There are 2 protein chains.
Amino acid sequence: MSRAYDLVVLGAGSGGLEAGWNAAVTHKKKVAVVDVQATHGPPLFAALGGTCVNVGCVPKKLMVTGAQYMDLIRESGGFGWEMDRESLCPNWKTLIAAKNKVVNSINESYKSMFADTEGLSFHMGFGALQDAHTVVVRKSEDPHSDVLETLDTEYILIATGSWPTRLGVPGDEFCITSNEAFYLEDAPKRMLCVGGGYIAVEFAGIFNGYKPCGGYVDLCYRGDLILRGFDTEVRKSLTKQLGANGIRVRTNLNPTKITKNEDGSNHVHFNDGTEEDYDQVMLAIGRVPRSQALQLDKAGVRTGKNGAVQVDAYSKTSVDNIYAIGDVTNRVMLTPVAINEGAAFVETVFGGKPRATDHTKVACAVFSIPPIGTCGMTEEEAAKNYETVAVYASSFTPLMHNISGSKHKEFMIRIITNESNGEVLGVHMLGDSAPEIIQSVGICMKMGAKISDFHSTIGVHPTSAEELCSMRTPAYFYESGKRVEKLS
Amino acid sequence: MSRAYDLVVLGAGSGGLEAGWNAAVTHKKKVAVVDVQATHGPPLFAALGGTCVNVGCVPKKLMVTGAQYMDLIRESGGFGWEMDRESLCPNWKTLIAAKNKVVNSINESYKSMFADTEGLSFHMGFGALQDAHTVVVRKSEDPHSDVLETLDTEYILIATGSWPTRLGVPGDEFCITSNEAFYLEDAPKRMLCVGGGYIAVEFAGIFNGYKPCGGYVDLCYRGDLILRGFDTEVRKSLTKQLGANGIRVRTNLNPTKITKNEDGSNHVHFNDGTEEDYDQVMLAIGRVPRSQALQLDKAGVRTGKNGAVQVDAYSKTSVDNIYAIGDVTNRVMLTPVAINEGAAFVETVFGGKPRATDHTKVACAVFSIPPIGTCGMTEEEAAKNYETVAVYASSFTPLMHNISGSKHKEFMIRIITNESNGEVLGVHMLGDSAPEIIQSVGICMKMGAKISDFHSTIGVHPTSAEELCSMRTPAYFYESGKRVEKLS
Ligand SMILES: Cc1cc2nc3c(=O)[nH]c(=O)nc-3n(C[C@H](O)[C@H](O)[C@H](O)COP(=O)(O)OP(=O)(O)OC[C@H]3O[C@@H](n4cnc5c(N)ncnc54)[C@H](O)[C@@H]3O)c2cc1C
Ligand SMILES: Cc1cc2nc3c(=O)[nH]c(=O)nc-3n(C[C@H](O)[C@H](O)[C@H](O)COP(=O)(O)OP(=O)(O)OC[C@H]3O[C@@H](n4cnc5c(N)ncnc54)[C@H](O)[C@@H]3O)c2cc1C
Ligand SMILES: NC(=O)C1=CN([C@@H]2O[C@H](COP(=O)(O)OP(=O)(O)OC[C@H]3O[C@@H](n4cnc5c(N)ncnc54)[C@H](OP(=O)(O)O)[C@@H]3O)[C@@H](O)[C@H]2O)C=CC1
Ligand SMILES: NC(=O)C1=CN([C@@H]2O[C@H](COP(=O)(O)OP(=O)(O)OC[C@H]3O[C@@H](n4cnc5c(N)ncnc54)[C@H](OP(=O)(O)O)[C@@H]3O)[C@@H](O)[C@H]2O)C=CC1
Ligand SMILES: N[C@@H](CCC(=O)N[C@@H](CS)C(=O)NCC(=O)NCCCCNCCCNC(=O)CNC(=O)[C@H](CS)NC(=O)CC[C@H](N)C(=O)O)C(=O)O
Ligand SMILES: N[C@@H](CCC(=O)N[C@@H](CS)C(=O)NCC(=O)NCCCCNCCCNC(=O)CNC(=O)[C@H](CS)NC(=O)CC[C@H](N)C(=O)O)C(=O)O
């Protein structure tokens, strides 16, 4: 059984690309990588690099940095930086323009990687499964399209990731998603972000920065508190700070109907039964795994709740040679996770020396206007399966914000510990420089640290991360899943 | 042997206060704290709070943040932030004035602490020693001054800290120091910073931000590479980045003569034998421990190199009941170290259960224009008293700086490891958010850490701190104090 390619990876995704690279360079296997298109695109959004390079973590990040400048400018005024506080206007155009110039060069970084690397080949189409060894390449997502290539391979790795979850309502097609968000010709005046997820909030922040005169940004959410899954004291405090930044939050509110007007703006009917007019409306409902058109059935790979490709703890699927990684798996959807799942796969099935991916004590971040950095268990979830738990709280407002006028940018820290052995189960932070600090916190937790480990370290005097080693006595306790003050 | 006070702390320093406070509240012992004045002051510089609150880290950091804005403003111009590129003018006055607003507020919250606390009292003057159990308070450093109080105590703690070193040359008195810098009437146009230490550099950054049109900021140094004591590759890259930021660095250069002009500026003669005119000239030569007035002799407490007070690792001096902490001890001098030495003291002699202070693997930071985060051993040092060592290096230029126009703000990391052990001995970083990241790095290293411990952790994707966990290949090695690439 000598086949054409040792591996065929579906998706140049941050997870897919990593795996395909690794196998061909360290292990010198023949690898073929399939993806939709060449560079970041308006008709098909993802491409060489993955969801995060083209329509995610990379371009998004730049836009959050750009919008963040709004505050910095007004703030500097308090430090003696005087100027015409109305010479100032944000040019959404020069942003997207300069954003595109950057993504483009990463796409042009990859193109040359492929022509420089022996064993790697990029094949452009729409991957589908014929059987366990044969991958078909089509020019359409439509199965009736043209047979462009047919690749015979020992292994198949699905890294197609995820895709916006639209909501089925009248006017659903009138909306935009995170995808079209990035290619909006002009900055929205009256803006509605819908939902309450990482992306809903990050983006709310962005439009709030690049809004023109009289512009505003509403954020509506089905539930009563945004960002379900984070420290419920961090969630509450962000809401305040977003409100104080200009983002009008609206909870327990969800549209039913959307219709276009004579000016071309979009009109919105609500859950409470009211109507408002927005230039634009973005859906951030979540992301269903992207296996819709792959025909896994045709080759026998078991899907689950909405196409989630079920895998073991080593990324293997229903078939002994087919694999899936990244977001399509439905485990925690992040770039550096997909990367790890990909690299572990490589060591396992090509390095001979197997390996599996640690899913807990993974630190992630929310690049909202005041960034969030968490790692570990929630306050609630640690109180569920752990017997005795301690809560350490500390909310301070840094020195500079007495001057900058933003006396609301209060930095927050929450530490959740197992009272029994003192172990640190979850750290949660709200404030600037939060995603930066939390990173090394995650090393400390996979290390297996304890609250003692923290305060027993000497700090750096003017930093905000020093207040991590300053929480000795706990704020309160959870004795077998109940709200407690004492213990005796 | 019942005495008036259990403790007399000789200096309301970072360490001074912490010590005094602790014993008075957690141990209810009677404490008296002696310092020079009440609020931050121009005639006598440090006051109730320490060399850090009044003429150190707290106000310093506010000014570094203000100078940081200059870049942030021009940088926003690339993100679409259009405005009058010359509406912008820094007002040095509104800064200093809003700086005092803050510092003064601290001094005001301290006053109220003393009135609020049973066992704590503030006594105002210049403390000297009468014997081992008697502290005298004078209204001058002059010993022929008036006896203002005389305190009968069981324990004395010397937290007088340190004091600027001037250099002995013609015109020495024409200069300013760390201290007077903070009260400069106006922003110095033609500016010279002298020496190559934390404050020499941090301050260089400050004036370079608040300089007015046409102004410049030179920096001269005796030696040929700035900041001896940090990673010799970080030291190089900073110099370059300062140069490119507007600061004219000059090595192997040291003034001899200073003479005032008939306009009011100061005139400078150099080591190379050249002449220049500067509006101001600030000395950042060093900080000699501040015991040169206390009469430790008349009590039997042994001074050393420049009055440094000799103490054991538990802070006890030549006498059984007298102690010294902070800068005056001449162990490496920072706020949180003085804080630890002071709290250790408390558990040691009042908590009953003794305690020592870990002086190594302390994470500190340099609040220069691009900040530095360092923790542990230098390259040159680990290459010495550790047999076989590895060097892990990685420099990247962050996502945003392709747009901001600062294609020179290259973030840098280098990790220093024991080969045999795998142990992480030193971590060094240059770039924005460095002091923040490094803090948790130091928790990891005191905890004992390995390069394998880093790359076994998953990352938070759009950060600079994530690049810590992506270093597997070493850049080169030190095989028993020798620069090598291979090993055998
Ligand atoms: C707006 C947004 C912001 C985000 N921000 C962050 C962040 O800040 N930090 C973070 O850690 N994560 C972030 N993420 C998540 C991150 O992008 C993903 O979790 C991660 O990139 C998933 O990688 P993957 O391996 O599944 O492949 P992906 O990176 O998702 O790429 C999948 C590839 O498969 C291709 N493909 C799709 N269908 C086919 C098919 N039919 N045939 C062949 N190829 C196909 C696509 O073209 C695409 O290139 C963000 C995501 C979004 C949407
Ligand atoms: C400009 C500057 C910036 C700094 N920045 C940082 C930084 O960013 N991070 C960091 O970690 N460290 C920084 N430091 C160092 C830090 O401030 C000190 O290491 C720390 O304050 C030492 O504390 P201490 O316990 O020795 O007492 P100190 O805080 O030094 O205070 C000593 C007190 O004793 C009093 N005193 C002196 N003589 C007498 C006497 N005759 N009688 C009675 N009282 C007396 C003084 O008035 C003073 O209030 C900085 C220092 C300076 C000068
Ligand atoms: N680390 C980062 O920076 C980022 C990570 N991601 C990852 O990628 C995935 C993409 O999800 P993204 O869109 O945030 O959203 P995720 O599902 O987190 O969030 C979805 C949000 O939409 C709400 N929602 C779901 N259905 C409806 C509905 N029918 N009507 C109204 N609201 C609804 C959900 O509410 P409810 O909680 O009540 O169900 C939830 O608040 C996430 O799982 C996340 O892990 C995405 C972006 C950035
Ligand atoms: N962590 C932080 O953010 C900060 C910490 N500090 C601490 O407090 C102290 C303050 O530092 P500060 O005194 O700048 O500098 P520190 O002594 O580090 O450095 C002194 C600098 O002055 C130079 N120098 C000494 N003598 C002369 C001379 N005669 N002529 C010319 N140059 C000379 C030294 O050069 P050479 O190397 O040849 O001796 C050295 O570069 C340090 O001990 C530090 O630990 C201070 C500020 C901020
Ligand atoms: N500050 C720097 C370090 C630099 C520094 O200053 N270091 C040392 C000396 S070198 C130092 O001085 N450290 C102490 C310090 O800097 N403190 C600054 C804050 C002042 C002290 N803080 C007192 C307030 C304590 N807070 C609380 O007890 C919390 N709650 C409240 O104060 C009130 C009453 S419960 N309500 C609220 O907070 C909620 C009110 C709500 N917004 C509403 O609308 O109702 C930092 O944070 O990094
Ligand atoms: N970059 C983000 C993370 C986000 C991100 O981009 N993530 C992923 C995908 S989600 C990604 O795309 N990563 C790739 C990336 O960001 N790459 C940027 C670096 C590209 C690497 N380039 C390869 C070539 C090796 N380069 C070098 O070693 C650096 N320079 C040099 O070798 C040359 C020649 S010595 N010049 C210099 O070193 C400078 C010379 C000096 N200025 C002079 O005066 O001469 C971050 O780090 O914050």
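What is reported rests on the model, the rules as stated and the sources as named; these are not laboratory values. Heads up, the Cβs are rebuilt from the backbone with ideal geometry, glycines too, and the neighbour counts pull from every protein chain shown.
Restricting to the stretch A:66-92, what's the tally of residues that are more than 7 Å from chain B (Cβ to nearest Cβ) and either touching a residue at least 60 places away in the same chain (Cβ under 8 Å) or in a helix (DSSP H, G or I) (or both)?
Going through the stretch A:66-92 one residue at a time, the tally reaches 7.
What do you reckon, is B:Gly50 part of a loop (DSSP other than H, G, I, E, B) and in the same structural domain as B:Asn104 (by CATH)?
The answer is yes for B:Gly50.
Which condition does B:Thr232 not pass, out of (1) in contact with a helix residue (DSSP H, G or I) (Cβ under 8 Å, 6 or more places away or on another chain); (2) of a type in the set (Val, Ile, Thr); (3) crowded, with 21+ Cβ neighbours inside 10 Å, if it passes all the others?
It is condition (3) that B:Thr232 fails.
Cβ-Cβ below 6 Å, separation at least six or inter-chain, first residue in the stretch B:451-468 and at the interface with chain A (Cβ under 7 Å from one of its Cβ atoms), second among the aliphatic types (A, V, I, L, M): which pairs?
B:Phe454/B:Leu468; B:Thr457/A:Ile443; B:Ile458/A:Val362; B:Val460/A:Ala363; B:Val460/A:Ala365; B:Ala465/B:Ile437; B:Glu466/B:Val460
Of the numbered conditions (1) within 16 Å of ligand 5 (Cβ to nearest atom); (2) within 14 Å of chain A (Cβ to nearest Cβ); (3) farther than 19 Å from A:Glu75 by Cβ, B:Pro59 satisfies every one except a single condition; which is it?
Among (1) within 16 Å of ligand 5 (Cβ to nearest atom); (2) within 14 Å of chain A (Cβ to nearest Cβ); (3) farther than 19 Å from A:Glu75 by Cβ, the lone unmet condition for B:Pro59 is (3).
Here are B:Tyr69, B:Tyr5: which of them is farther than 24 Å from B:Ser112 by Cα, among the aromatic types (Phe, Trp, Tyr) and outside the structural domain of B:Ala244 (by CATH)?
Just a single option satisfies the conditions, and that option is B:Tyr69.
Identify the residue in the stretch B:195-204 that is within 14 Å of chain A (Cβ to nearest Cβ) and out of contact with any strand residue (DSSP E or B) (no Cβ under 6 Å at 6 or more places or on another chain) and, among all such residues, is nearest to ligand 2 (Cβ to nearest atom).
Applying the filter and picking the extreme gives B:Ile199.
Could you check, for the stretch B:236-247, whether at least one of its residues is more than 16 Å from ligand 6 (Cβ to nearest atom) and of a type outside the set (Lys, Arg)?
yes
With the stretch A:393-488 as the region, which strands (runs of 3 or more DSSP E) entirely inside it contain at least 3 residues that are surrounded by fewer than 16 Cβ atoms within 10 Å (Cβ to Cβ) and not charged (D, E, K, R)?
Because the criterion is at least 3 residues that are surrounded by fewer than 16 Cβ atoms within 10 Å (Cβ to Cβ) and not charged (D, E, K, R), no strands (runs of 3 or more DSSP E) in the stretch A:393-488 meet it.
Would the stretch A:33-51 turn up any residue that is charged (D, E, K, R), surrounded by 18 or more Cβ atoms within 10 Å (Cβ to Cβ) and either within 16 Å of ligand 4 (Cβ to nearest atom) or over 19 Å from A:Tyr323 (Cα atoms) (or both)?
So far as the stretch A:33-51 goes, no, none of its residues is charged (D, E, K, R), surrounded by 18 or more Cβ atoms within 10 Å (Cβ to Cβ) and either within 16 Å of ligand 4 (Cβ to nearest atom) or over 19 Å from A:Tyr323 (Cα atoms) (or both).
I'd like to check something: does the stretch B:357-367 contain any residue that is over 16 Å from B:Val441 (Cα atoms), within 13 Å of another protein chain (Cβ to nearest Cβ) and buried (at least 23 other Cβ atoms within 10 Å of the Cβ)?
Yes - at least one qualifying residue is present in the stretch B:357-367.
Just to be sure before I move on: is A:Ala365 in the same structural domain as A:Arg483 (by CATH), closer than 29 Å to A:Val424 by Cβ and not charged (D, E, K, R) in the structure I sent?
Spelling it out, A:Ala365 is indeed in the same structural domain as A:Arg483 (by CATH), closer than 29 Å to A:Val424 by Cβ and not charged (D, E, K, R).
Listed residues B:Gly205, B:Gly196; which is in contact with a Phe, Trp or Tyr (Cβ under 9 Å, 6 or more places away or on another chain), of a type outside the set (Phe, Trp, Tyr), surrounded by 16 or more Cβ atoms within 10 Å (Cβ to Cβ) and assigned to a loop (DSSP other than H, G, I, E, B)?
Every option except B:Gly196 fails the conditions.
Would the stretch B:217-229 turn up any residue that is touching a residue at least 60 places away in the same chain (Cβ under 8 Å) and out of contact with any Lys or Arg (no Cβ under 8 Å at 6 or more places or on another chain)?
Yes, the stretch B:217-229 contains at least one residue that is touching a residue at least 60 places away in the same chain (Cβ under 8 Å) and out of contact with any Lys or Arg (no Cβ under 8 Å at 6 or more places or on another chain).
I'd like the full set of residues that are in contact (Cβ under 8 Å) with a residue 40 or more places away in the chain and either of a type in the set (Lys, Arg) or more than 7 Å from every other protein chain (Cβ to nearest Cβ) (or both), limited to the stretch B:436-450.
B:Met445, B:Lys446, listed by residue number.
Going by what's in this entry, would A:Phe182 be described as in contact with a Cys (Cβ under 8 Å, 6 or more places away or on another chain), under 22 Å from A:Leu95 (Cβ atoms) and of a type outside the set (S, T, N, Q)?
no
Hey, any hits in the stretch A:224-234 for a residue that's within 16 Å of ligand 5 (Cβ to nearest atom) and either outside the structural domain of A:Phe411 (by CATH) or part of a helix (DSSP H, G or I) (or both)?
yes
Taking A:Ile158 as the residue in question, decide whether it is within 14 Å of chain B (Cβ to nearest Cβ), among the β-branched types (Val, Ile, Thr) and either within 14 Å of ligand 3 (Cβ to nearest atom) or touching a residue at least 60 places away in the same chain (Cβ under 8 Å) (or both).
Here the answer is no, as A:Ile158 does not meet what is asked.
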